[PDB]
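Asker: Sharing a structure below in structure tokens format, with a few things to ask.
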Amino acid sequence: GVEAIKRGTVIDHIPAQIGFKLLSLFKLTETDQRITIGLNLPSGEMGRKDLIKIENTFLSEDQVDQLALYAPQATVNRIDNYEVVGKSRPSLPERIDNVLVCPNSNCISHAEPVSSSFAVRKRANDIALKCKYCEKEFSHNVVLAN
Amino acid sequence: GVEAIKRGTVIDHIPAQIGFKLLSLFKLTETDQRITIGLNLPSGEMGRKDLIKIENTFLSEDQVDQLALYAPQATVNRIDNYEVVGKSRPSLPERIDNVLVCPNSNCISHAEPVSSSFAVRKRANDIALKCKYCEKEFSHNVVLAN
Amino acid sequence: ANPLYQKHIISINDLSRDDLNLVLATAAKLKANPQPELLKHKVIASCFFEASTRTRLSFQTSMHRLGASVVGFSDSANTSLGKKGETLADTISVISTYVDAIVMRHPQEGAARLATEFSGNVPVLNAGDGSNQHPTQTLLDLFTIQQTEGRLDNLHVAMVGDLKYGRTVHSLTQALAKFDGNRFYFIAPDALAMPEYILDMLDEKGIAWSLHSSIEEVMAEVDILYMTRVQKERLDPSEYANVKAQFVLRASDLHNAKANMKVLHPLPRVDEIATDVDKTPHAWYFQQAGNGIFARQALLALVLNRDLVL
Amino acid sequence: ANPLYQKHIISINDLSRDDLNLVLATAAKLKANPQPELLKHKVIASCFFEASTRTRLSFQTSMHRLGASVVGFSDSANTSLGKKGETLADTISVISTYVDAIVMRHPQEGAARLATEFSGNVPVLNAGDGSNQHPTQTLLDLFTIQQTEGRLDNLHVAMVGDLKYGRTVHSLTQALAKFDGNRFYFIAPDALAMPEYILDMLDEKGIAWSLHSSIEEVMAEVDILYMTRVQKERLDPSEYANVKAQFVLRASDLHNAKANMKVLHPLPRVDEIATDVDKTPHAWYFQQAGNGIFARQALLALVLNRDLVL
Amino acid sequence: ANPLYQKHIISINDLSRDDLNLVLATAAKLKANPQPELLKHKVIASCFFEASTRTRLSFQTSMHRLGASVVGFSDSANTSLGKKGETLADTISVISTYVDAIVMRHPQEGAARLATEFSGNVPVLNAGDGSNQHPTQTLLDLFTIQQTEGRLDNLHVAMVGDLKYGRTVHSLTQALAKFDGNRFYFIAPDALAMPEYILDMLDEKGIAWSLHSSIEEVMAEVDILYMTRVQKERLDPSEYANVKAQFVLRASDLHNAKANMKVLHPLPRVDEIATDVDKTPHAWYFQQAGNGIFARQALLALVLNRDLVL
Amino acid sequence: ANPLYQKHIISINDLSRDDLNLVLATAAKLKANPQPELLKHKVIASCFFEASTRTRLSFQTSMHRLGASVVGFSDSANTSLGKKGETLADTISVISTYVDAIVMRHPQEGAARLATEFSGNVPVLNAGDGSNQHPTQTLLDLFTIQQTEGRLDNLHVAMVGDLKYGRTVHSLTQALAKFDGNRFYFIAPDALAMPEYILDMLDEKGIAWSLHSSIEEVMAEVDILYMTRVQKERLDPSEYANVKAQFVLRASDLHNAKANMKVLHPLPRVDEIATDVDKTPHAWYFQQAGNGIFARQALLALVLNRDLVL
Ligand SMILES: [Zn+2]
Ligand SMILES: [Zn+2]
């Protein structure tokens with residue numbers, strides 16, 4: 001099945017349907033290097049999971065941490081020569097950039113050459129994300145209805 | 001190329017970087033079945049291809065033709081019992097639906113709950129796409145832009 | 001003489017349940033077998049001092065569908081003179097001299113009641129007056145509820161959206177609390193809840209009501225989902241966009257809905273009902289806009305005709 | 001059932017020559033002996049989202065001249081709501097609920113075709129849609145050409161002015177190239193010539209055409225001089241005023257014109273036809289504006305009446 | 001380099017306790033002994049994309065009293081900006097190719113902060129960015145409190161008026177929440193109450209606050225009475241008037257006020273402070289507008305001067 | 001007296017090769033070692049009868065950096081001018097009774113030149129007179145080319161974009177046609193091609209030019225790539241988009257460009273130069289706007305100063 005290549009990253013244990021979000025959002029397709037994706041993989045250990053293998057590619061630390069918001073319980077696995085040489089799990093990053101959208105219609109991020117940037121704060125029952133620009137704090141549930 | 005699934009579609013010899021563009025655009029990923037995807041493969045011709053295996057779904061004569069503006073030389077092999085029970089090549093449609101966007105900025109399509117649609121005509125060299133609504137005709141290089 | 005003959009239709013509070021019922025009966029009759037020359041030779045004035053293209057065209061189609069002539073205007077601008085000097089009083093005192101009935105939308109609460117005092121014997125009908133009344137809307141709404149539910153008594157009606165400022169939700173509650181056994185669910189953003197007096201009338205008659213936070217709490221109990229448009233501009237854009245995971249209706253949420261539940265909306269519906277909702281059977285707001293004809297035709301037939309033979 | 005019965009009149013490309021001919025026949029019949037109560041009891045909506053007083057009054061006179069009621073509006077402003085939220089789709093979905101037919105002018109190419117998808121069974125008729133189609137104008141134009149020339153086949157038609165942007169000249173060419181033996185002369189300022197696709201349809205069917213530089217080259221061959229208004233503002237004022245010794249028509253230039261040549265113009269004609277042209281017999285553009293009635297009456301009689309008895 | 005040298009003053013959040021003290025102490029010295037040539041040969045863009053004549057005239061009078069030249073504009077109506085493609089990022093990239101500091105007012109939240117990514121090394125001071133910030137107004141208010149009470153710590157501050165949308169009351173609560181032992185009384189109608197995240201922030205840093213119904217309740221222990229404008233249009237006309245007696249100050253109310261108590265109000269004052277309060281020692285809203293000059297000069301001296309040695 | 005002393009800068013046609021060199025050499029010295037008191041005690045009318053905030057702010061920042069005072073207006077909207085009789089000749093005859101130099105932008109071709117018959121001895125600099133001239137923009141462009149290529153002679157200059165209406169590309173072709181051995185590539189869609197009288201003028205003085213379809217064709221030998229704005233509205237929406245791939249620069253296109261190549265564009269830039277081109281060494285449109293200051297100061301120093309001895 002899909003589980004190891006010579007070198008690269010195996011992103012394992014993504015819940016169903018997030019695998020394509022991650023591909024899109026993190027532009028992981030835009031590399032002409034061997035990616036194998038398997039969606040709706042069985043895995044009784046999940047019920048249904050998704051796995052992406054990017055061959056000869058290593059996700060620098062923070063890249064891993066951005067996945068915290070979407071497939072939070074996924075294991076990034078380093079294979080830097082024929083097997084699992086480093087395991088990693090997503091931690092919430094302190095800032096999430098480029099990928100989110102400001103809920104505030106009257107935020108200026110919307111009409112301009114400006115990457116979104118949000119401050120992360122896991123507080124109480126969720127995570128609050130404060131916009132760089134309009135300084136307004138929203139629940140990630142609002143921000144991710146998107 | 002790689003190995004087989006339990007009866008479904010194999011779309012092979014898709015131009016590299018068209019692969020994902022089809023997964024997203026025709027929305028092939030919202031299935032409960034194992035979709036296995038290989039990106040930027042050798043083991044098929046013209047260097048690196050893309051490859052998609054949708055398990056159990058079999059794409060209609062129609063959907064097969066819809067790949068034609070992106071994938072025209074792809075092969076929509078039809079699998080039963082790990083062998084190609086049938087082989088389809090994308091032929092050009094006569095109506096491409098809701099995958100394209102009318103370049104006409106004053107075309108009403110834009111602001112409304114209508115799906116886009118275009119009459120397709122001529123073959124390979126210049127493929128003129130005619131908007132259903134404003135009836136203005138464009139070259140496919142212009143329609144296939146933004 | 002019919003009960004409503006030559007009566008001024010100005011407020012819903014003013015109409016008794018008996019009169020609501022006569023209006024709804026007539027309307028169910030005209031729909032079915034319409035007499036198209038009943039108001040032949042009448043000249044009705046469509047005086048929209050505030051413009052509303054839908055209403056003005058529903059009312060005017062009605063006048064026509066019964067064989068009536070129409071003279072009238074539209075502001076949200078200055079028509080002529082009436083900007084200075086022309087007091088609504090002087091303007092009606094001259095228009096009573098011309099026509100048989102006055103339909104009128106005006107941007108100030110109480111403009112139809114003032115008009116009455118100058119219309120002489122000409123009946124005036126309220127097509128909306130500021131933030132006060134819109135009887136004609138509540139009538140077509142009752143007709144659609146009656147026509148889908150088979151009754152106006154013992155219903156479970158969820159009212160959602162701008163409950164504080166929606167002219168209509170205020171009136172629909174007054175009309176439906178003139179019938180027995182009804183239960184109301186009020187789902188509204190905190191800052192836009194049901195004003196205290198609606199709720200106090202509701203507790204004197206002792207009608208069953210409860211506030212809620214999202215449609216999905218009562219999805220499966222609701223007979224009627226009446227939705228109003230949460231107006232984006234009376235709110236901060238970061239506050240409008242932040243309410244929960246919204247109170248906007250998507251077909252998905254209808255998944256646990258009764259087979260007979262209908263979703264209603266005065267319209268415009270910009271975003272508070274999504275397109276897939278339109279395809280589901282529970283979709284009933286365009287059908288509703290069409291029942292405006294028979295309701296308003298009913299109204300014009302009784303006010304202008306002594307006895308209705310149909 | 002007549003061929004066009006309950007058909008949407010949206011594009012000229014959509015009508016076959018057989019249908020063009022049925023429209024023109026009926027119209028020649030109604031002119032002569034008009035049945036004025038044929039559409040009695042119909043309520044037609046005149047929905048001008050873009051305003052055009054002439055068209056709106058030609059179409060509305062037609063509805064009236066056949067015994068029809070009319071409800072409707074005019075923008076080039078905001079009517080009410082429909083500025084935000086009201087999608088044309090929601091607006092038609094509510095207007096299908098009221099009326100029998102929808103006549104509509106809208107400033108966006110394809111607005112009448114979208115409307116179709118929400119008009120239910122109500123037929124919609126295109127009174128102009130952006131820079132795309134205006135069928136009703138081409139019909140009244142064919143009727144005037146037929147009525148003056150006795151035919152629509154084997155004519156020498158000179159098309160002059162803004163050939164690139166004139167909505168009408170594009171359509172008249174499509175309609176006339178559905179008949180045999182026609183020859184076209186295209187006289188236009190360099191920067192405003194006939195777009196390549198008109199000319200390419202013309203060469204597949206192999207219809208005879210040629211470009212020219214001034215009316216006086218074909219004065220004596222032309223059966224029909226169709227003139228469009230060169231819009232001053234889409235041009236530099238020093239460029240508009242510098243073209244040759246102009247392509248504007250003066251009676252003098254008519255001196256070598258055939259006895260049967262007619263000069264046509266949609267109107268406004270501000271300067272491109274001079275006042276003395278008005279007195280000459282070749283003047284036919286006001287007569288043309290009047291044939292708009294019978295053409296549009298034809299249209300409404302067939303779309304709304306199963307079989308025409310006249 | 002002084003701390004504020006060449007920094008962009010975008011939000012109060014970005015200013016520390018020490019930065020607030022350094023701006024207020026400088027305003028104190030300039031009020032004292034002015035420097036009319038300190039910014040000579042500097043050119044400042046006064047870019048008011050949203051018009052605000054009151055704030056503009058204070059900022060430009062401050063720019064002039066330090067010797068600088070001013071160029072700029074006040075759109076809202078129109079000059080030629082923010083239209084037909086031309087983005088804000090590109091405007092700032094052109095403007096900071098001529099000026100030494102950009103002062104700007106914009107209708108959208110976040111605009112000043114974006115300007116900052118484009119000015120490069122020219123400072124951007126925010127004169128108002130939508131419902132977000134306004135640091136310069138909070139700085140003149142803090143300077144008025146410091147000037148009149150002698151301290152910014154251990155104060156009794158009542159915020160009276162629209163506290164939900166009050167951009168001013170929010171920022172001054174944050175600014176003042178940096179100093180110690182401040183205690184707050186909030187007196188607002190419920191529709192307009194002080195939002196929860198300001199309240200959360202208060203609790204968290206152990207600062208005390210309390211809601212009160214009437215100004216009467218807390219007059220005796222108040223040090224600073226900061227009033228805000230209720231914009232009538234944030235309520236129905238009906239709703240507005242009905243608060244059983246209101247949130248309007250009259251000089252009768254102040255009879256029990258502390259000798260040092262000052263009434264502050266950001267202006268325009270329309271109805272919440274009665275005329276009779278002006279001739280009271282406590283009225284301090286115009287003297288506050290006056291110190292706008294000082295707080296505004298301080299900032300421009302410190303941002304444009306590596307060392308101010310006064 | 002220096003050559004330009006007290007002359008009216010109305011057109012590039014009126015400036016000689018030597019005058020262009022004398023203005024550009026002066027701008028070079030002021031960029032170097034500025035003169036902030038050189039125009040002290042002079043008052044300049046910045047009269048923008050047509051609004052143009054971008055040009056106004058550059059001209060007024062230039063007036064300020066030489067020490068002069070500025071009075072003026074920006075109509076287009078309205079101030080109180082050019083209305084109810086009051087002619088331009090009379091306005092200039094009043095204004096030149098107070099000011100030392102008149103800078104003006106007007107919507108009509110020839111206005112600056114007429115002002116000149118009325119100012120008497122006050123100089124009139126033209127900031128834009130309709131589709132006619134704009135000398136000050138051509139002077140900052142020439143200064144940007146001289147600054148970056150080291151010369152104004154023996155250059156490879158591509159003009160890309162609307163070349164028919166491009167007031168800028170016309171003037172710079174004339175200015176540059178005064179220096180030697182310049183060679184031109186014109187890349188424009190045919191609807192917008194470089195007018196024949198510029199082309200005639202080119203041929204006549206033995207200067208070489210060539211039309212090319214795509215920017216690809218000539219990237220390798222280009223020195224200055226001057227882009228222009230296509231105003232979408234000079235074409236149909238349909239026409240606009242359809243140029244098989246377009247006239248828009250992206251940084252991919254520049255991969256084969258000469259080490260010294262600079263992309264110039266008069267701004268607003270909307271769509272013809274993609275964002276990614278900004279972070280390329282070649283992008284020079286904002287640094288060009290920056291030199292607007294210098295070219296503009298040079299002129300005002302030379303026109304108002306009998307001898308500039310720098
Ligand atoms: Zn934001
Ligand atoms: Zn289209």
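By order in the structure tokens, chains are A, B, ...; within a chain, residues start at 1; ligands start at 1, following the order shown.
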Considering only C-alpha atoms, extract the chain D residues located within 10 Å of chain F and return them as number ranges by chain.

Answerer: D: 131, 164-165, 190-192, 234-238

Asker: Each residue of chain D lying at most 10 Å from ligand 2 should get a row with its shortest atom-to-atom pair and the distance in Å to one decimal, counting only C-alpha atoms and all ligand atoms; could you produce that, ordered by chain and increasing number, as JSON lines?

Answerer:
{"residue": "D:108", "atom": "CA", "partner": "ligand 2", "partner_atom_place_in_ligand_line": "1 (Zn)", "distance": 9.5}
{"residue": "D:109", "atom": "CA", "partner": "ligand 2", "partner_atom_place_in_ligand_line": "1 (Zn)", "distance": 7.2}
{"residue": "D:110", "atom": "CA", "partner": "ligand 2", "partner_atom_place_in_ligand_line": "1 (Zn)", "distance": 7.1}
{"residue": "D:132", "atom": "CA", "partner": "ligand 2", "partner_atom_place_in_ligand_line": "1 (Zn)", "distance": 9.9}

Asker: Just the selected residues (N, CA and C atoms), exported as a compact mmCIF listing (two decimals), in the first residue's frame, please.

Answerer:
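The resulting result.txt:
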# COMPACT_ATOMS: atom_id res chain seq x y z
N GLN D 108 -27.37 43.53 -18.86
CA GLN D 108 -26.31 42.55 -18.85
C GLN D 108 -26.62 41.51 -19.87
N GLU D 109 -25.59 41.16 -20.62
CA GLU D 109 -25.77 40.19 -21.68
C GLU D 109 -26.12 38.87 -21.01
N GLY D 110 -27.27 38.36 -21.46
CA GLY D 110 -27.81 37.06 -21.07
C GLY D 110 -28.86 37.08 -19.98
N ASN D 132 -25.86 42.04 -26.18
CA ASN D 132 -26.17 40.80 -26.90
C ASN D 132 -27.32 40.88 -27.91

Asker: What does the Cα RMSD come to when chain E is optimally superposed on chain D over every C-alpha atom in order?

Answerer: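 Result: 0.6 Å C-alpha RMSD.
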
Asker: Could you give me, as JSON lines, every chain A residue with an atom at most 8 Å from ligand 1, plus its closest atom pair and distance in Å to one decimal, counting only C-alpha atoms and all ligand atoms, rows ordered by chain then number?

Answerer:
{"residue": "A:101", "atom": "CA", "partner": "ligand 1", "partner_atom_place_in_ligand_line": "1 (Zn)", "distance": 8.0}
{"residue": "A:102", "atom": "CA", "partner": "ligand 1", "partner_atom_place_in_ligand_line": "1 (Zn)", "distance": 4.5}
{"residue": "A:103", "atom": "CA", "partner": "ligand 1", "partner_atom_place_in_ligand_line": "1 (Zn)", "distance": 6.7}
{"residue": "A:104", "atom": "CA", "partner": "ligand 1", "partner_atom_place_in_ligand_line": "1 (Zn)", "distance": 5.4}
{"residue": "A:105", "atom": "CA", "partner": "ligand 1", "partner_atom_place_in_ligand_line": "1 (Zn)", "distance": 7.9}
{"residue": "A:106", "atom": "CA", "partner": "ligand 1", "partner_atom_place_in_ligand_line": "1 (Zn)", "distance": 7.6}
{"residue": "A:107", "atom": "CA", "partner": "ligand 1", "partner_atom_place_in_ligand_line": "1 (Zn)", "distance": 4.3}
{"residue": "A:108", "atom": "CA", "partner": "ligand 1", "partner_atom_place_in_ligand_line": "1 (Zn)", "distance": 6.6}
{"residue": "A:109", "atom": "CA", "partner": "ligand 1", "partner_atom_place_in_ligand_line": "1 (Zn)", "distance": 6.0}
{"residue": "A:116", "atom": "CA", "partner": "ligand 1", "partner_atom_place_in_ligand_line": "1 (Zn)", "distance": 7.9}
{"residue": "A:130", "atom": "CA", "partner": "ligand 1", "partner_atom_place_in_ligand_line": "1 (Zn)", "distance": 7.9}
{"residue": "A:131", "atom": "CA", "partner": "ligand 1", "partner_atom_place_in_ligand_line": "1 (Zn)", "distance": 4.7}
{"residue": "A:132", "atom": "CA", "partner": "ligand 1", "partner_atom_place_in_ligand_line": "1 (Zn)", "distance": 6.6}
{"residue": "A:133", "atom": "CA", "partner": "ligand 1", "partner_atom_place_in_ligand_line": "1 (Zn)", "distance": 5.1}
{"residue": "A:134", "atom": "CA", "partner": "ligand 1", "partner_atom_place_in_ligand_line": "1 (Zn)", "distance": 4.0}
{"residue": "A:135", "atom": "CA", "partner": "ligand 1", "partner_atom_place_in_ligand_line": "1 (Zn)", "distance": 6.3}
{"residue": "A:136", "atom": "CA", "partner": "ligand 1", "partner_atom_place_in_ligand_line": "1 (Zn)", "distance": 6.3}

Asker: For the residues in the current selection, export N, CA and C atoms as a short mmCIF file (atom, residue, chain, number, x, y, z; two decimals), in the first residue's frame.

Answerer:
data_model
loop_
_atom_site.label_atom_id
_atom_site.label_comp_id
_atom_site.auth_asym_id
_atom_site.auth_seq_id
_atom_site.Cartn_x
_atom_site.Cartn_y
_atom_site.Cartn_z
N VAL A 101 -9.31 33.16 6.16
CA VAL A 101 -9.93 34.30 5.51
C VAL A 101 -10.50 35.16 6.62
N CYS A 102 -10.36 36.49 6.57
CA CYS A 102 -10.93 37.30 7.63
C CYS A 102 -12.44 37.34 7.45
N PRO A 103 -13.20 36.90 8.46
CA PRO A 103 -14.65 37.02 8.57
C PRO A 103 -15.25 38.43 8.43
N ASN A 104 -14.47 39.42 8.87
CA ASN A 104 -14.88 40.80 8.87
C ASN A 104 -14.92 41.22 7.43
N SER A 105 -16.14 41.42 6.90
CA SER A 105 -16.32 41.92 5.56
C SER A 105 -15.53 43.23 5.39
N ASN A 106 -15.63 44.20 6.34
CA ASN A 106 -14.93 45.48 6.29
C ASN A 106 -13.48 45.40 6.77
N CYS A 107 -12.84 44.24 6.75
CA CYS A 107 -11.45 44.13 6.98
C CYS A 107 -10.87 44.55 5.66
N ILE A 108 -9.71 45.17 5.74
CA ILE A 108 -9.03 45.61 4.53
C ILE A 108 -8.31 44.42 3.87
N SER A 109 -8.14 43.23 4.48
CA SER A 109 -7.34 42.18 3.86
C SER A 109 -7.91 41.75 2.55
N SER A 116 -3.25 36.87 4.70
CA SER A 116 -3.95 36.83 5.95
C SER A 116 -2.88 36.36 6.94
N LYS A 130 -7.09 36.06 16.06
CA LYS A 130 -7.17 37.50 15.92
C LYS A 130 -6.48 37.96 14.64
N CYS A 131 -7.16 38.73 13.81
CA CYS A 131 -6.61 39.23 12.56
C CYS A 131 -5.52 40.29 12.80
N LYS A 132 -4.54 40.19 11.92
CA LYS A 132 -3.38 41.05 11.89
C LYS A 132 -3.83 42.48 11.69
N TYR A 133 -4.73 42.56 10.72
CA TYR A 133 -5.17 43.83 10.21
C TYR A 133 -6.29 44.42 10.99
N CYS A 134 -7.43 43.75 11.00
CA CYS A 134 -8.54 44.41 11.64
C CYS A 134 -8.59 44.15 13.12
N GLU A 135 -7.55 43.52 13.67
CA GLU A 135 -7.49 43.27 15.08
C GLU A 135 -8.70 42.58 15.72
N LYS A 136 -9.76 42.13 15.00
CA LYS A 136 -10.96 41.50 15.56
C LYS A 136 -10.73 40.03 15.82
#

Asker: Name the residues in contact with stretch 23-29 of chain F at a cut-off of 12 Å, using only C-alpha atoms, excluding same-chain residues fewer than 2 positions from it; report them as number ranges by chain.

Answerer: F: 2-5, 9, 12, 15-21, 31-35, 62, 135-136, 138-147, 150-152, 290-303, 307-310

Asker: Write out as a list in words all residues of stretch 120-265 of chain D that DSSP puts in strand (DSSP E) for this structure's backbone.

Answerer: residues 124, 125, 126, 127, 128, 129, 156, 157, 158, 159, 160, 183, 184, 185, 186, 187, 208, 209, 210, 211, 212, 224, 225, 226, 227, 262, 263 and 264 of chain D

Asker: In Å to one decimal, how far is atom CA of residue D:119 from atom CA of residue C:274?

Answerer: 19.2 Å

Asker: Write down, as number ranges by chain, each residue of chain C that has any atom within 12 Å of an atom of chain B, counting only C-alpha atoms.

Answerer: C: 270, 274-276, 278

Asker: Go ahead and save the residues from that selection, with N, CA, C and O atoms, as a CSV table (one decimal), in the first residue's frame.

Answerer:
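What landed in again.csv:
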chain,number,residue,atom,x,y,z
C,270,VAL,N,-31.3,37.1,0.6
C,270,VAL,CA,-30.0,37.3,-0.1
C,270,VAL,C,-29.2,36.0,0.3
C,270,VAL,O,-28.9,35.2,-0.5
C,274,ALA,N,-30.2,29.2,1.6
C,274,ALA,CA,-29.3,28.9,0.5
C,274,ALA,C,-30.0,28.3,-0.7
C,274,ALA,O,-31.1,27.6,-0.6
C,275,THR,N,-29.6,28.5,-1.9
C,275,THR,CA,-30.0,27.8,-3.2
C,275,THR,C,-30.5,26.4,-3.1
C,275,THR,O,-31.5,26.0,-3.8
C,276,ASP,N,-29.9,25.5,-2.3
C,276,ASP,CA,-30.4,24.1,-2.3
C,276,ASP,C,-31.6,24.0,-1.6
C,276,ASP,O,-32.4,23.0,-1.8
C,278,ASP,N,-33.8,25.9,-2.1
C,278,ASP,CA,-34.9,26.2,-3.1
C,278,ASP,C,-35.4,24.9,-3.7
C,278,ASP,O,-36.6,24.9,-4.0
